[PDB]
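Quick notes on the structure that follows.
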Amino acid sequence: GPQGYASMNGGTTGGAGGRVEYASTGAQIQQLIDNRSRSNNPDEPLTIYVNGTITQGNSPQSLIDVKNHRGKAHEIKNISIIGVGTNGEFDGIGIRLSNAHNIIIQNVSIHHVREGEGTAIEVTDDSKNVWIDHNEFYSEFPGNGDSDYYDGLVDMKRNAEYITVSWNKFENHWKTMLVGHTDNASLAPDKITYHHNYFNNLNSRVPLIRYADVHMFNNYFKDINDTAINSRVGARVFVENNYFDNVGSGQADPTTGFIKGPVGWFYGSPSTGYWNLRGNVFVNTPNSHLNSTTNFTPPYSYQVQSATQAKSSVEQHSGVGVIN
């Protein structure tokens with residue numbers, strides 16, 4: 001199971017120990033979710049193995065709607081969506097978790113998502129205990145030069161909490177990852193762990209964090225054009241044993257004055273977030289300015305490699321076709 005925050009609050013097992021299904025179209029995926037929700041046992045664990053290319057053309061809605069059929073006020077629970085080999089592909093259609101609890105999304109590629117929310121995985125409406133593991137997410141960068149043509153790769157909003165994002169590749173994208181969509185503390189997600197991810201050839205938002213407590217360890221950040229970790233409005237991010245290579249423009253942010261780099265306060269929001277920095281390695285990545293502004297340490301046990309050991313493990317084992 002997951003390390004970090006998704007292991008808390010009862011842990012995350014997704015759809016282990018229940019029904020198993022294969023799907024090759026978005027219609028089959030959506031029908032499985034909706035059929036279960038209408039059944040006499042809506043919470044029975046369900047694992048859907050994705051073997052084929054899920055598209056707009058083969059799906060009944062513009063996104064894959066992991067939401068209780070009655071509406072987002074009610075929980076949906078205990079699902080795993082797992083790709084088969086290198087064949088679990090979502091091309092131009094993303095997944096939305098709304099008030100979804102105990103969910104695993106693993107070994108899939110989700111890419112070029114413009115329609116729907118325009119984001120590969122959106123975690124929203126008080127979803128909790130979600131493990132996003134060993135996936136590949138991408139679009140284009142610079143692509144056609146429009147940062148908004150595609151939206152996010154993995155975004156969290158509206159009080160989503162206890163989430164671990166691990167062993168994924170995020171590549172070729174403008175607005176990579178958001179935690180909290182607006183400066184509204186009452187809607188802020190919280191308690192997110194990112195570890196062993198490959199963040200490569202991205203413009204910004206790695207992640208954009210508002211309010212939340214976040215732990216980022218053992219990730220490999222590479223070729224990030226503008227800024228990486230952006231900590232805003234009282235966020236606390238413990239940035240631990242990550243490897244950064246060519247990350248940040250080095251320019252003074254025209255709004256906050258902060259040097260654009262691996263971690264800081266950039267672009268907006270009325271007040272800064274905080275960071276606790278330990279054991280990171282910075283290659284061609286501005287860092288002479290950088291000191292810890294919080295002592296924040298996450299409440300869970302975990303294992304953590306050196307930054308250089310993490311770089312190598314991420315290179316070898318992140319992304320799809322590894323766990324299946």
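Every chain in the structure tokens takes a letter, A first, then B, and so on in the order presented; its residues are numbered from 1, and the ligands are numbered from 1 following the presented order.
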
- Item | Who sits within 8 Å of residue A:128, only C-alpha atoms, same chain under 2 positions skipped, as a VMD selection string | chain A and resid 6 99 to 102 126 130 160 to 163

Go through stretch 123-178 of chain A residue by residue and, counting only C-alpha atoms, keep those with an atom at most 10 Å from stretch 70-76 of chain A; for each kept residue give the shortest atom pair and its distance in Å to one decimal, ordered by chain and increasing number, as a Markdown table.
| residue | atom | partner | partner_atom | distance |
| --- | --- | --- | --- | --- |
| A:124 | CA | A:72 | CA | 9.6 |
| A:125 | CA | A:72 | CA | 7.0 |
| A:126 | CA | A:75 | CA | 9.1 |
| A:127 | CA | A:75 | CA | 8.3 |

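The spacing separating atom CA of residue A:213 from atom CA of residue A:323 amounts to 28.4 Å.
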
- residue A:106: which residues within 12 Å, counting only C-alpha atoms, same-chain residues fewer than 3 positions away excluded, as a PyMOL selection string? chain A and resi 1-2+13-15+47-50+79-86+88-89+103+109-110+121+130-137+164-169+318-324

- Within 9 Å of stretch 215-224 of chain A using only C-alpha atoms, minus same-chain residues under 2 positions, as a PyMOL selection string: chain A and resi 4-5+166-167+191-204+206+213+226-228+236-249+261-262+280+297-298+304-312+314-315

Generate the output file for the selected residues, C-alpha atoms, as an mmCIF file, in the first residue's frame.
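Below you can see out18.cif, which holds the result:
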data_model
loop_
_atom_site.group_PDB
_atom_site.id
_atom_site.type_symbol
_atom_site.label_atom_id
_atom_site.label_comp_id
_atom_site.auth_asym_id
_atom_site.auth_seq_id
_atom_site.Cartn_x
_atom_site.Cartn_y
_atom_site.Cartn_z
ATOM 1 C CA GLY A 4 2.558 8.824 3.429
ATOM 2 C CA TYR A 5 -0.715 10.547 3.911
ATOM 3 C CA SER A 166 3.946 8.323 -6.024
ATOM 4 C CA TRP A 167 6.163 6.830 -8.753
ATOM 5 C CA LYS A 191 -2.326 16.261 3.765
ATOM 6 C CA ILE A 192 -0.767 15.395 0.443
ATOM 7 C CA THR A 193 2.415 13.323 -0.078
ATOM 8 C CA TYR A 194 4.433 13.354 -3.365
ATOM 9 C CA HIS A 195 7.342 10.906 -3.608
ATOM 10 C CA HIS A 196 9.462 9.199 -6.238
ATOM 11 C CA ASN A 197 7.808 11.123 -9.074
ATOM 12 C CA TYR A 198 9.598 12.224 -12.234
ATOM 13 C CA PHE A 199 8.711 15.866 -13.036
ATOM 14 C CA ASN A 200 10.235 16.600 -16.441
ATOM 15 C CA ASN A 201 9.959 19.407 -19.004
ATOM 16 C CA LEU A 202 7.229 21.364 -17.260
ATOM 17 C CA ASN A 203 6.563 25.102 -17.019
ATOM 18 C CA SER A 204 5.121 25.573 -13.553
ATOM 19 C CA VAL A 206 5.112 21.448 -9.260
ATOM 20 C CA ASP A 213 0.487 20.560 4.549
ATOM 21 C CA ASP A 226 9.628 28.756 -14.826
ATOM 22 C CA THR A 227 9.066 27.574 -11.249
ATOM 23 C CA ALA A 228 8.609 24.311 -9.349
ATOM 24 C CA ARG A 236 3.699 24.079 4.699
ATOM 25 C CA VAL A 237 5.790 21.897 2.456
ATOM 26 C CA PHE A 238 8.590 19.655 3.699
ATOM 27 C CA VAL A 239 10.892 19.329 0.709
ATOM 28 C CA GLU A 240 13.126 16.385 1.497
ATOM 29 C CA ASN A 241 15.939 14.556 -0.350
ATOM 30 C CA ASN A 242 14.710 15.532 -3.849
ATOM 31 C CA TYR A 243 16.996 15.868 -6.846
ATOM 32 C CA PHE A 244 16.618 19.072 -8.942
ATOM 33 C CA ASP A 245 18.319 19.548 -12.315
ATOM 34 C CA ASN A 246 17.838 22.747 -14.362
ATOM 35 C CA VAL A 247 14.817 23.891 -12.378
ATOM 36 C CA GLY A 248 13.545 27.484 -12.493
ATOM 37 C CA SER A 249 14.245 30.544 -14.635
ATOM 38 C CA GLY A 261 13.461 28.315 -8.750
ATOM 39 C CA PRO A 262 12.824 25.011 -7.008
ATOM 40 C CA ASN A 280 17.940 18.275 -1.482
ATOM 41 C CA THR A 297 7.402 17.434 9.537
ATOM 42 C CA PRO A 298 4.583 15.043 8.565
ATOM 43 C CA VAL A 304 13.495 7.911 2.398
ATOM 44 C CA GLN A 305 16.499 7.477 0.082
ATOM 45 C CA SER A 306 19.258 10.001 -0.448
ATOM 46 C CA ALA A 307 18.474 12.435 -3.293
ATOM 47 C CA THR A 308 20.918 10.727 -5.615
ATOM 48 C CA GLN A 309 19.632 7.224 -4.777
ATOM 49 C CA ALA A 310 16.113 8.561 -5.416
ATOM 50 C CA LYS A 311 17.126 10.037 -8.809
ATOM 51 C CA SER A 312 18.324 6.637 -9.976
ATOM 52 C CA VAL A 314 12.898 7.187 -10.207
ATOM 53 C CA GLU A 315 14.696 6.871 -13.546
#

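Here the residues within stretch 12-127 of chain A that DSSP labels helix (DSSP H, G or I) on the basis of the backbone are residues 26, 27, 28, 29, 30, 31, 32, 33, 34, 35, 36, 37 and 38 of chain A.
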
- Task: Name the residues of stretch 109-192 of chain A that come out as strand (DSSP E or B) in a backbone DSSP run; write them as a VMD selection string.
- Result: chain A and resid 109 to 111 121 to 124 128 to 133 136 to 138 154 to 156 161 to 166 169 to 175 177 to 179 190 to 192

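Neighbours of residue A:94 closer than or equal to 10 Å, with only C-alpha atoms counted and sequence neighbours fewer than 6 positions away skipped, come out as residues 54, 55, 56, 62, 63, 64, 65, 109, 110, 111, 112, 113, 114, 115, 116, 117, 118, 119, 120, 121, 122, 153 and 154 of chain A.
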
Selection to disk with N, CA, C and O atoms, as a short mmCIF file (atom, residue, chain, number, x, y, z; two decimals), in the first residue's frame:
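In the end it all went to again37.cif:
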data_model
loop_
_atom_site.label_atom_id
_atom_site.label_comp_id
_atom_site.auth_asym_id
_atom_site.auth_seq_id
_atom_site.Cartn_x
_atom_site.Cartn_y
_atom_site.Cartn_z
N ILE A 54 -8.91 4.52 -23.80
CA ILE A 54 -10.15 5.19 -23.40
C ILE A 54 -10.10 6.56 -24.06
O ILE A 54 -9.08 7.24 -23.97
N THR A 55 -11.18 6.95 -24.73
CA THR A 55 -11.20 8.21 -25.47
C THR A 55 -12.54 8.95 -25.26
O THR A 55 -13.48 8.39 -24.69
N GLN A 56 -12.61 10.19 -25.75
CA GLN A 56 -13.89 10.92 -25.83
C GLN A 56 -14.86 10.11 -26.70
O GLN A 56 -16.05 9.96 -26.37
N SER A 62 -17.67 13.64 -21.03
CA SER A 62 -16.37 14.26 -21.36
C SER A 62 -15.25 13.95 -20.38
O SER A 62 -14.09 14.37 -20.59
N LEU A 63 -15.59 13.27 -19.28
CA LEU A 63 -14.59 12.77 -18.36
C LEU A 63 -15.10 11.47 -17.77
O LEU A 63 -16.26 11.13 -17.93
N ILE A 64 -14.21 10.74 -17.13
CA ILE A 64 -14.58 9.53 -16.42
C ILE A 64 -14.99 9.93 -15.00
O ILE A 64 -14.17 10.44 -14.21
N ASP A 65 -16.27 9.74 -14.71
CA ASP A 65 -16.93 10.38 -13.55
C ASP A 65 -16.95 9.41 -12.38
O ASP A 65 -17.88 8.61 -12.23
N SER A 109 -1.70 5.57 -18.36
CA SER A 109 -1.23 6.80 -19.02
C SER A 109 -2.43 7.67 -19.34
O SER A 109 -3.39 7.21 -19.96
N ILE A 110 -2.39 8.93 -18.93
CA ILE A 110 -3.49 9.83 -19.19
C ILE A 110 -2.86 11.06 -19.76
O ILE A 110 -1.97 11.63 -19.13
N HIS A 111 -3.30 11.47 -20.95
CA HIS A 111 -2.54 12.48 -21.66
C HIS A 111 -3.40 13.32 -22.63
O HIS A 111 -4.48 12.90 -23.08
N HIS A 112 -2.90 14.50 -22.94
CA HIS A 112 -3.59 15.38 -23.89
C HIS A 112 -5.05 15.67 -23.54
O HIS A 112 -5.91 15.79 -24.42
N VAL A 113 -5.34 15.78 -22.26
CA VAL A 113 -6.69 16.01 -21.82
C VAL A 113 -7.05 17.50 -21.95
O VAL A 113 -6.57 18.33 -21.17
N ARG A 114 -7.87 17.83 -22.94
CA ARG A 114 -8.38 19.19 -23.11
C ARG A 114 -9.85 19.35 -22.66
O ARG A 114 -10.24 20.36 -22.04
N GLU A 115 -10.68 18.38 -23.03
CA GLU A 115 -12.12 18.45 -22.74
C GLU A 115 -12.44 18.00 -21.32
O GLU A 115 -11.56 17.53 -20.59
N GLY A 116 -13.69 18.18 -20.90
CA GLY A 116 -14.03 17.91 -19.52
C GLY A 116 -13.50 19.02 -18.62
O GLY A 116 -13.76 20.18 -18.87
N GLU A 117 -12.75 18.65 -17.59
CA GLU A 117 -12.03 19.63 -16.77
C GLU A 117 -10.67 19.97 -17.40
O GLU A 117 -9.92 20.76 -16.84
N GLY A 118 -10.34 19.35 -18.53
CA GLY A 118 -9.01 19.49 -19.14
C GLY A 118 -7.87 19.05 -18.22
O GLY A 118 -6.72 19.51 -18.35
N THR A 119 -8.15 18.14 -17.29
CA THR A 119 -7.09 17.66 -16.43
C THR A 119 -7.06 16.14 -16.28
O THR A 119 -8.10 15.50 -16.23
N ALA A 120 -5.86 15.58 -16.22
CA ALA A 120 -5.72 14.12 -16.29
C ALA A 120 -6.39 13.44 -15.09
O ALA A 120 -7.14 12.51 -15.27
N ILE A 121 -6.10 13.92 -13.88
CA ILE A 121 -6.84 13.45 -12.71
C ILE A 121 -7.18 14.61 -11.80
O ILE A 121 -6.30 15.34 -11.34
N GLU A 122 -8.47 14.80 -11.56
CA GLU A 122 -8.97 15.91 -10.72
C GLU A 122 -9.49 15.25 -9.46
O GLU A 122 -10.36 14.37 -9.55
N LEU A 153 -2.42 18.33 -14.82
CA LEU A 153 -2.20 16.88 -14.89
C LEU A 153 -2.85 16.27 -13.65
O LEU A 153 -3.79 15.51 -13.78
N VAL A 154 -2.40 16.61 -12.44
CA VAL A 154 -3.09 16.13 -11.24
C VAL A 154 -3.44 17.33 -10.36
O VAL A 154 -2.54 17.99 -9.84
#

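A straight line drawn from atom CA of residue A:34 to atom CA of residue A:51 is 19.4 Å long.
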